[PDB]
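Q: following this: a sequence and the matching experimental structure.
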Amino acid sequence: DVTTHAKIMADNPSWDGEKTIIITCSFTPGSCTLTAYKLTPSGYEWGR
Amino acid sequence: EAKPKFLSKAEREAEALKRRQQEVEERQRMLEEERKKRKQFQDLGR
């Protein structure tokens, strides 16, 4: 997910790394757990 | 203000051209400030 997000960021300059997130809707038993994550500037450089 | 003035069709479309030039100028300004924010985010990890 951080490589996908950082490749999308590196190829599209309209994706500001402060404002763009990855919400993950994980399928827990009988439910859904949502967690939003942001890329730090270390993470965008590594995932790029 | 309160009383609506008549504006001619040439004057109306000149006002509309000036309006759309304004907001395409602030779209350009927001896009180059977006490039500035992007360069700032990029070199804090590099």
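A: Right, received. Where do you want to start? Numbering: from 1, shown residues only, chains lettered A, B, ... in the order given.

Q: distance between stretch A:35-45 and the chain's centre?
A: 6 Å (CA atoms, centre = their mean, to the nearest Å).

Q: now the end-to-end length of it.
A: End-to-end distance of stretch A:35-45 (CA to CA, to the nearest Å): 22 Å.

Q: next one: stretch A:30-48
A: 35 Å.

Q: what sits up against it?
A: A:1-7, A:9-10, A:17-18, A:20-26, B:41-42, B:44-46 (CB atoms under 8 Å, 6 or more residues apart in numbering or on different chains). Placement of C-beta: from N, CA and C, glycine included.

Q: now the buried members of those.
A: A:5, A:6, A:9, A:17, B:41, B:42, B:45 (16 or more other CB atoms under 10 Å in any protein chain shown).

Q: among those, which are in helices?
A: A:5, A:6, A:9, B:41, B:42 (DSSP state H).

Q: who are the contact partners of the third one?
A: Shown in contact with residue A:9 (CB under 8 Å, 6+ apart): A:15, A:17, A:20, A:39, A:44, A:48.

Q: again, only this time at 7 Å
A: By CB atoms under 7 Å, 6 or more residues apart in numbering or on different chains, residue A:9 lies in contact with A:15, A:17, A:20, A:44.

Q: how about the first one?
A: When contacts are counted by CB under 7 Å, 6+ apart, residue A:5 touches A:22, A:39, A:47.

Q: same deal with the fourth one?
A: Shown in contact with residue B:41 (CB under 7 Å, 6+ apart): A:16, A:17, A:18, A:41.

Q: which one of those sits closest to chain B?
A: residue A:41 (3.0 Å; CB to the nearest CB).

Q: closest to residue B:36 out of the contacts of residue A:9?
A: Ranked by distance to residue B:36 (CB to CB), these are led by residue A:17 at 13.0 Å.

Q: out of the contacts of residue B:41, what pair is the most spread apart?
A: A:16 and A:41 (11.7 Å).

Q: tell me how many other residues crowd residue A:29.
A: 4 (other CB atoms under 10 Å in any protein chain shown).
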